[PDB]
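Below: one structure, written as structure tokens.
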Amino acid sequence: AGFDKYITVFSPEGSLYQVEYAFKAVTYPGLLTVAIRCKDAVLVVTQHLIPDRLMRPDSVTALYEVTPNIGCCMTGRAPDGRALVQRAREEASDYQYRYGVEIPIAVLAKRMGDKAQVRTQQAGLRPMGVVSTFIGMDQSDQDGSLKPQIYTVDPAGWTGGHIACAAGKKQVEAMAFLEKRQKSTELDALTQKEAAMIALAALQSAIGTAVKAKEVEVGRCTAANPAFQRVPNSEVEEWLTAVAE
Amino acid sequence: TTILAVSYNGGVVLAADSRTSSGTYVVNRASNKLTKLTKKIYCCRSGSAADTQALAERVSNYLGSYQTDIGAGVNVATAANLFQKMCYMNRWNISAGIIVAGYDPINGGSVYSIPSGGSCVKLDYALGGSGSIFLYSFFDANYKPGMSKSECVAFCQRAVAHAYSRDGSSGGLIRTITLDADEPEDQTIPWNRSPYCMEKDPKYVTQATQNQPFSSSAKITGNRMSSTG
């Protein structure tokens with residue numbers, strides 16, 4: 001009755017304070033990511049800023065590939081995310097080994113959410129302070145086509161699909177900009193270049209610095225090439241110059 | 001069951017028959033013994049089918065995870081070592097002879113042979129399966145290293161057609177695949193187009209004089225092909 005906030009117990013008003021403080025760890029490192037999906041593709045943009053100028057600009061990342069078809073960005077405490085990916089990757093192999101097909105995206109999101117809920121139940125473990133976003137394209141049934149998918153899992157395990165998610169520092173302003181932009185047009189009808197323009201405009205609205213090409217890394221999944229892959233700076237510059245107008 | 005792999009400059013050529021048999025009955029006459037592990041590494045499996053299928057899929061599941069983890073292509077030595085380790089700690093329970101062949105940008109094209117015993121020998125050309133022993137004295141005669149890509153697949157199809165013509169346990173389609181810098185390309189020539197067959201070989205057209213007519217002289221004059229004659 002004294003502590004109520006140093007382990008996984010309910011506090012009088014009905015909250016898990018360790019899961020309420022794990023939401024303050026994601027917004028701590030000052031990073032911010034935006035994931036959006038157009039008609040045919042999924043894009044994820046992240047701040048990738050190395051203020052230090054002695055560090056290899058291609059060593060530290062945020063985008064990881066969980067499976068040849070499913071990628072993810074990890075917002076928050078930098079090491080945690082890494083560890084989480086490993087877990088996800090493991091769950092893929094098992095699945096890939098035990099059922100013979102490549103793991104769906106909703107199944108991966110559900111299992112990585114469940115794994116997050118287990119830590120919020122036992123007293124020992126510490127909850128992962130990272131908001132994971134798995135992006136991919138899944139097989140749509142009754143027509144065979146591929147449909148884009150964006151799934152989010154929180155430290156509590158609140159997995160959920162999305163049309164456009166924002167995570168990290170000043171994520172509320174980014175979500176507000178995205179919501180205001182959505183009230184006019186229809187996001188599930190835009191094309192990849194427009195969608196990336198909207199994502200970059202949201203990110204430049206949330207921080208207000210008019211980002212350059214080397215501070216953001218963009219990853220994409222397309223119906224044409226179903227694999228997750230990151231797009232070079234020669235392409236992101238083309239969207240920056242177009243947002244500039 | 002006949003499988004083989006031949007290495008050339010660019011990459012490798014895998015060839016195999018297509019027929020799984022229950023001793024003396026053709027269970028499956030269009031089988032596929034070329035199992036892909038990675039995009040550029042394949043394995044021809046011989047011996048039992050259940051054991052080699054379990055091994056191929058377990059090793060490919062391992063290779064998919066290693067490649068995702070490191071983020072760069074996999075050598076052939078990795079896959080060959082994994083196969084050797086597995087087929088070595090099950091050597092009493094499985095009868096599985098593997099030929100792991102592939103191409104990696106580092107060492108070009110590579111062929112490893114993992115026999116029943118469980119060793120792993122890195123060769124220039126590998127043969128395997130029950131119908132292989134008819135191919136050794138075919139390769140000692142008609143094979144020269146340094147061939148081109150097209151002449152290599154021609155020689156491989158010819159070798160398999162000479163192996164399954166005389167062997168009872170082998171036959172059916174000839175399935176080859178070429179692995180090199182370009183996309184891996186497949187090919188399946190049927191039996192009615194094979195580059196050799198003992199029915200269309202003109203030295204096996206005239207029959208053995210076995211049914212001699214009841215005659216008066218000791219001159220052999222061929223079989224008795226009718227009742228009147």
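By order in the structure tokens, chains are A, B, ...; within a chain, residues start at 1; ligands start at 1, following the order shown.
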
I need the chain B residues near chain A as a ChimeraX atom specification; criterion: at most 12 Å, counting only C-alpha atoms.
/B:38,54-71

Please produce an output containing C-alpha atoms for each residue in the selection, written as an mmCIF file, in the first residue's frame.
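Final output, again31.cif:
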```cif
data_model
loop_
_atom_site.group_PDB
_atom_site.id
_atom_site.type_symbol
_atom_site.label_atom_id
_atom_site.label_comp_id
_atom_site.auth_asym_id
_atom_site.auth_seq_id
_atom_site.Cartn_x
_atom_site.Cartn_y
_atom_site.Cartn_z
ATOM 1 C CA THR B 38 17.987 -19.825 -50.768
ATOM 2 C CA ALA B 54 12.666 -32.864 -43.451
ATOM 3 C CA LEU B 55 16.362 -32.001 -43.653
ATOM 4 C CA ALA B 56 15.991 -29.729 -46.670
ATOM 5 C CA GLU B 57 13.147 -27.767 -45.119
ATOM 6 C CA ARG B 58 14.852 -27.528 -41.716
ATOM 7 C CA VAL B 59 18.090 -26.271 -43.251
ATOM 8 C CA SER B 60 16.250 -23.811 -45.490
ATOM 9 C CA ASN B 61 14.403 -22.506 -42.450
ATOM 10 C CA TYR B 62 17.775 -21.993 -40.784
ATOM 11 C CA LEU B 63 19.237 -20.270 -43.850
ATOM 12 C CA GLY B 64 16.323 -17.864 -44.115
ATOM 13 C CA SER B 65 16.938 -16.672 -40.568
ATOM 14 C CA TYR B 66 20.712 -16.324 -40.824
ATOM 15 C CA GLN B 67 20.443 -14.276 -44.027
ATOM 16 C CA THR B 68 17.813 -11.972 -42.534
ATOM 17 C CA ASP B 69 19.973 -11.503 -39.443
ATOM 18 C CA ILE B 70 23.257 -10.667 -41.159
ATOM 19 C CA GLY B 71 21.613 -8.812 -44.043
#
```

DSSP strand (DSSP E) residues within segment 27-141 of chain A, as a PyMOL selection string
chain A and resi 32-37+41-47+63-67+70-76+130-139

Go ahead and save the residues from that selection, with C-alpha atoms, as an mmCIF file, in the first residue's frame.
```
data_model
loop_
_atom_site.group_PDB
_atom_site.id
_atom_site.type_symbol
_atom_site.label_atom_id
_atom_site.label_comp_id
_atom_site.auth_asym_id
_atom_site.auth_seq_id
_atom_site.Cartn_x
_atom_site.Cartn_y
_atom_site.Cartn_z
ATOM 1 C CA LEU A 32 9.445 10.810 -34.294
ATOM 2 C CA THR A 33 8.228 8.399 -36.960
ATOM 3 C CA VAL A 34 5.259 8.529 -39.322
ATOM 4 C CA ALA A 35 3.889 5.537 -41.200
ATOM 5 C CA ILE A 36 1.275 5.892 -43.920
ATOM 6 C CA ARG A 37 -0.294 3.666 -46.552
ATOM 7 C CA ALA A 41 2.212 0.860 -50.997
ATOM 8 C CA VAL A 42 3.228 1.443 -47.392
ATOM 9 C CA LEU A 43 5.793 4.069 -46.428
ATOM 10 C CA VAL A 44 7.468 4.655 -43.076
ATOM 11 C CA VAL A 45 9.594 7.748 -42.460
ATOM 12 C CA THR A 46 11.656 8.227 -39.320
ATOM 13 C CA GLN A 47 13.952 10.873 -37.966
ATOM 14 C CA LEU A 63 14.095 0.213 -39.814
ATOM 15 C CA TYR A 64 14.554 -3.518 -39.405
ATOM 16 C CA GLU A 65 13.304 -6.347 -41.589
ATOM 17 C CA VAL A 66 11.429 -8.965 -39.591
ATOM 18 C CA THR A 67 10.687 -11.192 -42.586
ATOM 19 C CA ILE A 70 7.429 -7.632 -43.254
ATOM 20 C CA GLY A 71 9.449 -4.698 -41.938
ATOM 21 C CA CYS A 72 9.156 -2.585 -38.824
ATOM 22 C CA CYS A 73 10.221 0.666 -37.249
ATOM 23 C CA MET A 74 10.988 0.862 -33.531
ATOM 24 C CA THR A 75 10.297 4.173 -31.808
ATOM 25 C CA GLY A 76 11.569 4.785 -28.318
ATOM 26 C CA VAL A 130 9.100 0.903 -27.416
ATOM 27 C CA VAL A 131 6.153 1.525 -29.741
ATOM 28 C CA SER A 132 6.646 -0.950 -32.564
ATOM 29 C CA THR A 133 5.182 -0.432 -36.029
ATOM 30 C CA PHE A 134 5.113 -3.404 -38.387
ATOM 31 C CA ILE A 135 4.461 -2.541 -42.017
ATOM 32 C CA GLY A 136 3.850 -4.934 -44.849
ATOM 33 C CA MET A 137 1.510 -6.159 -47.534
ATOM 34 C CA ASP A 138 -0.729 -9.166 -47.017
ATOM 35 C CA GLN A 139 -2.547 -11.556 -49.317
#
```

Residues within 10 Å of segment 209-217 of chain A, only C-alpha atoms, excluding chain neighbours under 4 positions, as a count of residues only:
32

Residue 106 of chain A: which residues within 9 Å, counting only C-alpha atoms, same-chain residues fewer than 3 positions away excluded, as number ranges by chain?
A: 103, 109-111, 138, 149, 151, 160-161

Who sits within 7 Å of segment 39-50 of chain B, only C-alpha atoms, same chain under 4 positions skipped, as a ChimeraX atom specification
/B:1,3,33-35,54,76,95-103,129,179,184

Which polymer residues have any atom within 12 Å of an atom of segment 21-29 of chain B, counting only C-alpha atoms, with same-chain residues fewer than 3 positions away left out, as a ChimeraX atom specification?
/B:1,17-18,32-33,46-49,130,167-174,190-191

Closest of B:20, B:53, B:31, B:110 to residue 126 of chain B, counting only C-alpha atoms, is B:110

In segment 156-241 of chain A, DSSP alpha helix (DSSP H) residues written as a ChimeraX atom specification
/A:171-182,192-207,233-241

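Among the candidates A:2, A:196, A:121, A:27, the residue lying nearest to residue 171 of chain A is A:27 (atoms considered: only C-alpha atoms).
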
Which residues come within 9 Å of residue 118 of chain A, counting only C-alpha atoms, excluding same-chain residues fewer than 5 positions away, as a compact mmCIF listing (two decimals) with N, CA, C and O atoms, in the first residue's frame?
```txt
# COMPACT_ATOMS: atom_id res chain seq x y z
N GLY A 113 2.16 -8.34 -29.54
CA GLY A 113 1.40 -7.66 -28.50
C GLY A 113 1.22 -8.52 -27.28
O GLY A 113 1.38 -8.04 -26.15
N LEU A 125 9.92 -8.91 -14.71
CA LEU A 125 10.30 -8.32 -15.99
C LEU A 125 9.97 -6.84 -16.05
O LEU A 125 9.06 -6.37 -15.37
N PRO A 127 8.77 -3.72 -18.57
CA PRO A 127 8.06 -3.59 -19.85
C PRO A 127 8.92 -2.89 -20.88
O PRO A 127 9.66 -1.95 -20.58
N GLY A 157 0.63 -3.65 -25.13
CA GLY A 157 0.13 -4.65 -26.05
C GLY A 157 -1.11 -4.26 -26.81
O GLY A 157 -1.84 -5.14 -27.27
```

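Between atom CA of residue 124 of chain A and atom CA of residue 6 of chain A the interatomic distance comes to 10.4 Å.
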
Pick from A:245, A:225, A:178, A:120, whichever lies nearest to residue 69 of chain A using only C-alpha atoms:
A:225

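For the atom pair formed by atom CA of residue 166 of chain A and atom CA of residue 199 of chain A, the distance is 9.5 Å, given to one decimal.
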